[PDB]
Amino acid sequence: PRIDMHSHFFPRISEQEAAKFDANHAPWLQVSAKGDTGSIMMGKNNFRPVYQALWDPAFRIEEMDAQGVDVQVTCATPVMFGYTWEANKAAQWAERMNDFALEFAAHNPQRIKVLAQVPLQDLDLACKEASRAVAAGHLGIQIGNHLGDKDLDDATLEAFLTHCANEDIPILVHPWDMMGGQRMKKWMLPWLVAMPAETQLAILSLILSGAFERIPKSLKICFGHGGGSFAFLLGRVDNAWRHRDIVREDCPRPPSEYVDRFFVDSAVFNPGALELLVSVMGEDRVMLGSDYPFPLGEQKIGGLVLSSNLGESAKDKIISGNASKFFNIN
């Protein structure tokens, strides 16, 4: 069988629905002109054109059959996170969005699994929504990689991971709200430079802060897009750790030794990069993920892993065996 554990949905939310939370900032879906083109909206302004597989589970199931994807885990589009909003408002938003998700999956719950969002700007609310959404059927949580200037080393965010660790709740960390200023205005550079940097920064924030020394081993956590550039730049991190005490101050072992504490998806779009990723992380900690249905995703889902020269025992863990164990899927 074949699991795709990285994919997005966006719910059919009317403009009126969105306007009851925040007319200016709550995103909604406009399936207009000829109803296979939509645009995520915000207030009266467009935000991103999207296509119908983002919102239509019946359509999506047929693309899945075409691709050969038995089970697809899917979760919020990051524009739905709402980490800027007032806490209680965002906890209500998260709850709605996660009901939408379970409604999306209900069309075929055996083949469409969902992960939840949480109102991460309030730790108590966020832990509550995580437990409630997993009880209601979500298989885990998807969070953005940072909360403004708080990166994953910040005690609030570490405490959220530790809550999920203590409840067997898995987490997918997705880059979002990208660093950069005004420098990456063309050619989708934020997605090519800032996004992998964001994800590396999140992994290094956990490692170099010594967060894995405090977070129980039971945490199941996965970083999108192969972990960004993390695996390629790891030798540079180890070298810095061996030669500067300020890099060692909170991290008592070589940084590269902490790759037995997390997972990455396989979406690196290159056979040599995949071979290096599996060399660094081990065949047990890479899961097939496509970023479906977005353009910078993998158009032939699983094609990179299947066409590699990894042993077939490795190919089976990545396309299937690892995400069965990680999310608890049959």
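When you see a residue number, it is the position in the sequence shown, counting from 1. Here the rigid core means the biggest group of C-alpha atoms that line up within 1.5 Å when the two forms are laid on top of each other.
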Q. Line up the rigid core: which moves more in 4 other deposited structures of this protein, 111 to 119 or 175 to 183, by C-alpha RMS?
A. 175 to 183
Q) Line up the rigid core: which moves more in 4 other deposited structures of this protein, 44 to 52 or 284 to 292, by C-alpha RMS? A) 44 to 52
Q) Given the B-factors recorded for C-alpha atoms, which segment has the greater mean, 37 to 45 or 287 to 295? A) 37 to 45
(Q) Quick check on the record: does 24 to 32 or 273 to 281 carry the larger mean Cα temperature factor? (A) 24 to 32
**Q.** Of the residues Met195, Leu233, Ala202, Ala87, the one carrying the largest Cα B-factor as recorded
**A.** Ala87
Q. From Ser256, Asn108, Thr74, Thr162, which pick has the Cα B-factor that tops the rest in the entry?
A. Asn108
Q | B-factor third for the C-alpha atom of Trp176 within its chain | A | middle
Q) Sorting the chain's CA B-factors, does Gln92 end up in the lowest, middle or highest third? A) highest
Q) For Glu129, does the deposited CA B-factor place it in the lowest, middle or highest third of the chain? A) highest
**Q.** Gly82, C-alpha B-factor rank within chain (lowest, middle or highest third)
**A.** highest
Q.
Where does the C-alpha B-factor of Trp191 rank in its chain, lowest, middle or highest third?
A. lowest
